[PDB]
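The chain contents come next:
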Amino acid sequence: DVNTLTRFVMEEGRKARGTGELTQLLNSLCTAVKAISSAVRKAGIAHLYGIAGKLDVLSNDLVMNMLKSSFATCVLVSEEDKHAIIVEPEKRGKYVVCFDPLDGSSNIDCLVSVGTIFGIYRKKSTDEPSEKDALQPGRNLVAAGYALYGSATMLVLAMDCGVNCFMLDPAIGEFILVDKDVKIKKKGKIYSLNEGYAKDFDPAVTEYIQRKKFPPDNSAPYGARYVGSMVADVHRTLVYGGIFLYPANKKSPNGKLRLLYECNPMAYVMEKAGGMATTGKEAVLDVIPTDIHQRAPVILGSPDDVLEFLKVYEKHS
Amino acid sequence: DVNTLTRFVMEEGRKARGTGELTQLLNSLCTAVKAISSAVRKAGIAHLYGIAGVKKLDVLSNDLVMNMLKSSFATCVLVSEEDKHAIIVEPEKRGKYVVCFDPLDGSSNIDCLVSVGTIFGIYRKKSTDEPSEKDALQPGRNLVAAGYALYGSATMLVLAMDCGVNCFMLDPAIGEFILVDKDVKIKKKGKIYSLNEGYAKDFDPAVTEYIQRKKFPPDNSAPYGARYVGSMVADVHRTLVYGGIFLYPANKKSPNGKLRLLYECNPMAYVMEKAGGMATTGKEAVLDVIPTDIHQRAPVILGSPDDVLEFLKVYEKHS
Amino acid sequence: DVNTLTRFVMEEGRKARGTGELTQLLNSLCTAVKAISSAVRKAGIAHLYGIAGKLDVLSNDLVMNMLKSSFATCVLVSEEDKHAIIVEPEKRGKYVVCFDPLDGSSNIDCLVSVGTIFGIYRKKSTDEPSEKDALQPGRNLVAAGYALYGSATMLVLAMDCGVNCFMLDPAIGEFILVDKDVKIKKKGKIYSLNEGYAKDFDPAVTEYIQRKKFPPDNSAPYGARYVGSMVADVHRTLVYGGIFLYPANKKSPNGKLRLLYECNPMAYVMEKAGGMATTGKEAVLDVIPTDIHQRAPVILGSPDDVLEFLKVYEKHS
Amino acid sequence: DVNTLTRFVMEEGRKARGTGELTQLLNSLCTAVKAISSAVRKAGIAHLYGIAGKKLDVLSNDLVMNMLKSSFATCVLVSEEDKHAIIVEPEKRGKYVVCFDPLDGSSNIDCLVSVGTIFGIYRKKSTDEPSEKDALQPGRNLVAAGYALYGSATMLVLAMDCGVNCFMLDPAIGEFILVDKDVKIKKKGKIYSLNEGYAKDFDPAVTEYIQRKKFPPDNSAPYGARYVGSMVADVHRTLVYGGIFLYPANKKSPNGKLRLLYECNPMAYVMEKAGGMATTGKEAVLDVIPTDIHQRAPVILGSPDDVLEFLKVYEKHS
Ligand SMILES: Cc1nc(-c2ccc(S(=O)(=O)NC(=O)Nc3ncc(Br)s3)cc2)cs1
Ligand SMILES: Cc1nc(-c2ccc(S(=O)(=O)NC(=O)Nc3ncc(Br)s3)cc2)cs1
Ligand SMILES: Cc1nc(-c2ccc(S(=O)(=O)NC(=O)Nc3ncc(Br)s3)cc2)cs1
Ligand SMILES: Cc1nc(-c2ccc(S(=O)(=O)NC(=O)Nc3ncc(Br)s3)cc2)cs1
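Residues numbered from 1 in each chain as written, not as in the entry; some residues may be left out. Chains lettered and ligands numbered in written order. Heavy atoms only, no water.

In the PDB header, X-ray crystallography is given as the technique by which the entry was determined, and 2.4000 Å as its resolution.

Chain D carries the name Fructose-1,6-bisphosphatase 1 in the PDB entry, which gives Homo sapiens as its organism. Readers searching the PDB will find this entry under the title "Human liver fructose-1,6-bisphosphatase 1 (fructose 1,6-bisphosphate 1-phosphatase, E.C.3.1.3.11) complexed with the allosteric inhibitor 1-(5-bromo-1,3-thiazol-2-yl)-3-[4-(2-methyl-1,3-thiazol-4-yl)phenyl]sulfonylurea". Database annotation for chain D, UniProt heading Cofactor (unreviewed entry): "Mg(2+)". (UniProt positions renumbered as here; feature names shortened; annotations may be inferred.)

The name given to chain B in the PDB entry is Fructose-1,6-bisphosphatase 1, and the organism recorded there is Homo sapiens. UniProt, in the comment section headed Subunit (unreviewed entry), describes chain B in these words: "Homotetramer." Of the comments in the UniProt record for chain B, the one headed Cofactor (unreviewed entry) reads "Mg(2+)".

And the structure:
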């Protein structure tokens, strides 16, 4: 029996007897995602080229304005904005949203896959809302996921009930539920990172990579895949299994990806799917942030693959 | 002044005073591509999941390309990645062109929504014999037109002909390919290398040396970045747009590479060379290989000319 | 501040502190309507004509299956089905829905406007669901409206709070609120009926129309419009004012249009917009039905116009 | 075997061994029509209502004007939206003259009534410098004419010397698919179409003819009545279902209401190529020699038997 994202979320929200605010949040977010998808696939591009005589900016505006007008949020943190955005009192709800409106858009000139990442916290304190309300560890997440604008558009939504995948049918502008209660493979056959930085690798990374090319137990070498867009690489990791790494290097001694709106949502999706996500020293979701734009190293994916990396890492202290 | 793919092609064809057959070819090809794009983006998927109470995409794409080319009255021999033998067009629909295509390259991993694409190469039938598979056994040098459609974050048709390379963006609101990049030229040297390094234990020694030169530059230069989508159209297109180098080389286990010459290597080599880039097997230009089997494989290394030349120096250094 | 149908209905539903079932129903119907629109605009027709080598039934299937799977309905009455459709026990909700899935589709070969008409009732008794639960007078309506597949696609939704109009943005599949709390003109300048059947007119109908063409005073005659598709004609009546008639005559003493899923929803929209809708003998919404497919004469529109018709109608009674 | 509009026109163009200029015109027009369709169906309206924080008839006119100019096929363009004819700049001049109504019926688009685009295409006949006079040709001189109907779906009807062909816009791929080949209208229909709101102004022939439709003197069944009020919608129904369409003169419109250059002549061309008729009462619409690009004309068109029946009544009243 068919189901849509909005209907699925309403049915779960009613079972839980919530106020409805989270459903309003998510529905508004979905409206923003469908709007971004339409622009990313270049609907209307003919008008820009004169038929009748920016993209990361528009995506950010779409998310900001739909979340503000949902009456469900109070603090908004985006990759695009230096400081947290405080929702005006007459539109304030109880939820905090950290998002990357068009992740990977730096290389969008080659039509690489792009996406939107989001993580949702409930505001905890009785104080007036402020940037400090976004400085929660990932354990505190209420919901997280991403929209992938790849060969098709897909929304992956992780909540405490698990992970579910919804395909955008653009003929009717509806997210169709296509993969329920998704679990990642225990172990995969693909590893994913920028090997251009081989010169800067920690020794633990270098050894782990050598095990994938020259397997010590006589198994077959892993394949290598690296789109260079986090949402595409993570979603392949979810679908086919395997492991994704953005460890520390010389240009990025704390890694390059951002903790609040890149690492935490993907880590949350992995763990709800039976996967893992580590910085090397701890779980990503346990990192207590002190800066909304702070960076974090990330290694995630199938549990056997991450655990193997952690064994190698532990060997190097 | 705005321009669309069809009109751009009509204006060039009229200037050249051709019969119109090639324009009819290209127009039918674009229609199948618009149909492929719509299925790839999962238009109508709600019906598969029971909203009202079916072929895999590579099968449907092959049917779309096949049926539009046959019904274009411009073709006589069609080679597809999907079919063991060439298709001979029925006499009442026969035109003068030979088309080799890959209808949905990269679709094996479309379950993760990776970029996919369509690759095509167009030849003039040269012999006066009855049309046959032998008419597709032409070297890449003989191509009249070649290109690809990339179904990525957006859909783009790249069309290379003797006049150069032009890029057309599909506006899905109106189903028209909008001309957005005219007479495109690749960077002389790039900063990205692209290949499956998981198989490093099987690398040819020249591939091992060249890749290490990229990671640990001997001249104190900055190392290159690495990108490998695993879908040829996406990787080659990034190579065209940002410059750099793409490798699917031969090794001991794969002495002739993995990619297919007629409808993967030749069309991309033609696009590269028209953009001021290069494309080599290691031993020669890809477009100079004289094929003997429509599904034969070929090693390919392509991209910015300085990068390809650097590879070829290393390849020669290993005798 | 932008608003969509889903967001608008959730917000009223929260103010009203309801269980959420009605919001679930309407969201499901909305999805069916987007699906009908896509098929009506002939998306994918290329495949029907061989590029790779019914419409009213499909629309009926879309509505039936979306409503059944909403867990909000228990009895479904459609123009397309001889008997009421009883929702299976494990999916039964509290609402009764009467609809015409593709009204006007008889002339769809000429690309005429078509539409979907719906009316929603609360099941009143605790008995086992049966056709009898749909035999409520239009006065009992919880919500009613229509979707018009015209030059664009619009959903007109009438409830106790008034009538609101939503434009389908097909680029993102969202119904945008574009006209809030709409009211009909007190008096209009357009009359609408099939004059080809003039020889069968009731004598009061003949006189009233003659007064529209040959006003006994010094005013200008009314204009005439008749699309032949009820959703199209009633929506024009709502937007521009005026009067729409499908009256009774000697050969059709009860009219031809159907009460449960054409006359009552349109009469309800009219009354919530400050209009009127009469059979000649009483308000349409006061008719107590005895058969789910029963017919009812209907005259509706701007109140001064409807009241003028009743004046002429009394003279011949 | 499937066929599209562009493919259908090229194949006929190759057979005719013409230069390609008309094919270039028509392809450009079809591109503007798809852009109009997308706008008319309100794609992107969410942005106009603030999702991120031109009137339709003006936009449509811009789309046709700019696509035809850039086609290198036209020299004089006449539009319902512009007071004077537009002369194409010299470096873009081709041989064709185009009269069009970019969004006919848009006056009542607030109620989502069907709207449409009407076009008629002429070869420039005079060798003088291009000017407004190059559009003052009788409809008999048309090379191509037709319309796009933005109704429940979008359909393009194309009439040429070879006959009338109907193409359905599949919005999933932005392609016009051939769905009705070489269309012929019914010899006689059962629907008449006109604004009876002007009954007090009808001349006696119109009054008698309508009375014959409601009270048939042969005791046959009355015709049904339909009047959308949008010309493209009413004419298309007439073409598909047969019957008769009327917009006669009245007191507000002593020379008729509909426009000769880009409403009456193109529909008259489509009707006659479909085996129908289209008359002013005094002569065939296509025989009227215009003197002013926006001049009006009375029109009665549709199935041949129905028009011929009207003309007998017209003859009876002298
Ligand atoms: C996939 C999953 N979703 C949830 C979930 C979603 C939303 C909430 S909520 O707090 O927003 N409550 C809420 O919406 N109630 C409602 N009343 C009427 C309507 Br209609 S929806 C609570 C839980 C849990 S697992
Ligand atoms: C981008 C470029 N395209 C070409 C090109 C394209 C097509 C041809 S052709 O042989 O097909 N001739 C042809 O179509 N003539 C025509 N007659 C009437 C119409 Br309308 S089009 C020849 C050259 C060269 S560079
Ligand atoms: C336009 C208008 N709509 C209504 C209306 C609609 C639905 C209902 S309801 O009974 O379904 N309750 C309901 O949905 N509660 C909710 N809780 C949380 C969320 Br999120 S929605 C009640 C009233 C009145 S005027
Ligand atoms: C449906 C119908 N269309 C016509 C028709 C259309 C266009 C012309 S034309 O003068 O433009 N010539 C022309 O296009 N030649 C071409 N050669 C190759 C290509 Br490719 S196009 C002439 C006649 C007649 S009935």
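Back to the write-up after that little detour.
Q: How do you make sense of the UniProt feature "binding site: Mg(2+) 1" (unreviewed entry) in chain D when you look at a structure like this?
A: Residue and element names in this part refer to chain D. Listed under "binding site: Mg(2+) 1" (unreviewed entry) in the UniProt record, and renumbered for this structure, are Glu80, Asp101 and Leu103. Across 24 residues of sequence, these annotated residues stay compact in space, with a maximum C-alpha separation of 8.8 Å. Tracing the sequence through the fold places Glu80 in the loop between strand 1 (74–79) and strand 2 (86–87). Excluding its chain neighbours within four sequence positions, the residues that come into contact with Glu80 are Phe100, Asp101, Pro102 and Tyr262. Of the residues examined, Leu103 reaches a relative accessible area of 2% and is grouped as buried. Those residues in contact with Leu103, other than ones at most four positions away along the chain, are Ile36, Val40, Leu56, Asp57, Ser60, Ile109, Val115, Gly116 and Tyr150. (Helix = DSSP H or I, 4+ residues; strand = E, 2+ residues; numbered from the N terminus. Contact = heavy atoms within 4.5 Å. Buried < 20%, exposed > 50% of the residue type's maximum accessible area, 1.4 Å probe, protein only.)

Q: I would appreciate a short explanation of the UniProt feature "binding site: AMP" (unreviewed entry) in chain B in the present structure.
A: Here, the residues flagged by UniProt with the feature "binding site: AMP" (unreviewed entry) are B:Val9, B:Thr19, B:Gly20, B:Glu21, B:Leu22, B:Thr23, B:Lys96 and B:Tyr97. Beyond its immediate chain neighbours, meaning those up to four positions away, B:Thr19 contacts B:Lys96 and D:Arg14. In terms of polar contacts, B:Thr19 uses its side chain to reach the backbone amide nitrogen of B:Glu21, at 3.2 Å. A relative accessible area of 29% places B:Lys96 in the partly exposed class. Apart from residues no more than four positions distant in its own chain, B:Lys96 is found in contact with B:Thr19, B:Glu21, B:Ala74, B:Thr75, B:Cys76, B:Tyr123, B:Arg124 and B:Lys125. (Polar contact = N/O pair within 3.5 Å; in protein donor to acceptor, adjacent residues only side chain to side chain.)

Q: Just checking my understanding: could you explain the site of ligand 1 for this structure?
A: Taken together, the neighbourhood of ligand 1 is formed by 17 residues, with A:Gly13, A:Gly18, A:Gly20, A:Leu22 and A:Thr23 sitting nearest. At the site occupied by ligand 1, the surrounding residues belong to chains A and C. At 3.1 Å, a backbone N or O of A:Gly20 approaches a nitrogen atom of ligand 1. Between ligand 1 and the protein, one listed contact pairs an oxygen atom with a backbone N or O atom of A:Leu22 at 3.0 Å. Surface burial for ligand 1 is 86%, taken as the share of its 590 Å² of free accessible area covered by protein chains. Mapped by element, the contributors of at least two residues to the shell around ligand 1 are helix 1 (5–16) and helix 2 (21–40) of chain A. Top contributing element to the shell around ligand 1 by residue count: helix 1 of chain A, with 7 residues. A per-class count over the shell around ligand 1 returns 7 nonpolar, 7 polar and 3 charged. (Near = heavy atom within 4 Å. Areas by Shrake-Rupley, 256 points an atom, 1.4 Å probe, with all protein chains shown as cover. Nonpolar A, V, L, I, M, F, W, Y, C, P; charged D, E, K, R; others polar.)

Q: Explain the UniProt feature "binding site: beta-D-fructose 1,6-bisphosphate" (unreviewed entry) in chain B to me, please; I cannot follow it from the model alone.
A: Residue and element names in this part refer to chain B. Residues given the UniProt feature "binding site: beta-D-fructose 1,6-bisphosphate" (unreviewed entry) here are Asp105, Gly106, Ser107, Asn196, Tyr199, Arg227, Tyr228, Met232, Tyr248, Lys258 and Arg260. Along the chain, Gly106 turns up in the loop between strand 3 (97–105) and strand 4 (116–124). In contact with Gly106, not counting residues within four places along its chain, are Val114, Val116 and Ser231. In this fold, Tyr248 is placed in strand 11 (residues 245–248). Residue classification places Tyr248 among the partly exposed residues on the basis of a relative accessible area of 22%.

Q: What am I meant to see in the pairing of strand 11 (residues 243–246) of chain C here?
A: Moving residue by residue along a regular strand, the side chains alternate between the two faces of the sheet. All names here are of chain C. Strand direction decides the pairing type here: strand 9 (residues 190–192) and strand 11, joined by 2 bridges, are parallel. Along strand 11, the bridge assignment pairs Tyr191 with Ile243. Looking at chain direction, strand 11 and strand 13 (residues 298–301) are connected through 4 bridges and run antiparallel. Within the sheet, the bridge partner assigned to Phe244 lies in strand 13 and is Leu300. (Pairing = 2+ DSSP bridges.)

Q: Sorry if this is basic, but what is going on with the UniProt feature "binding site: AMP" (unreviewed entry) in chain D here?
A: All names here are of chain D. Mapped onto the present numbering, the UniProt feature "binding site: AMP" (unreviewed entry) falls on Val9, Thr19, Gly20, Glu21, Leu22, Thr23, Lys95 and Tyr96. Mapped onto the elements of the fold, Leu22 is located in helix 2 (residues 21–40). By relative accessible area, which is 15% here, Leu22 ends up buried. Excluding residues within four positions of it along the chain, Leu22 makes contact with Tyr96, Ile121, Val143 and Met160. Relative to the helices and strands, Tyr96 is located in strand 3 (residues 96–104). Using a relative accessible area of 8% as the deciding quantity, one classes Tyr96 as buried. What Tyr96 contacts, discounting residues up to four positions off in sequence, is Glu21, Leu22, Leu25, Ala73, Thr74, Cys75, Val76, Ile121, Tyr122, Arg123 and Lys124.

Q: I tried to follow the pairing of strand 8 (residues 174–179) of chain C on my own but got confused; where do I start?
A: Residues and elements named next belong to chain C. Burial runs high along strand 8: 5 of the 6 residues are buried. When strand 7 (residues 162–169) meets strand 8, the two strands line up antiparallel, connected through 5 bridges. Paired with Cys165 across the two strands is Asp179, which belongs to strand 8. Counted along the chain from strand 7 to the antiparallel partner strand 8, the turn is 4 residues long, and its residue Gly173 has a positive phi close to 55 degrees.

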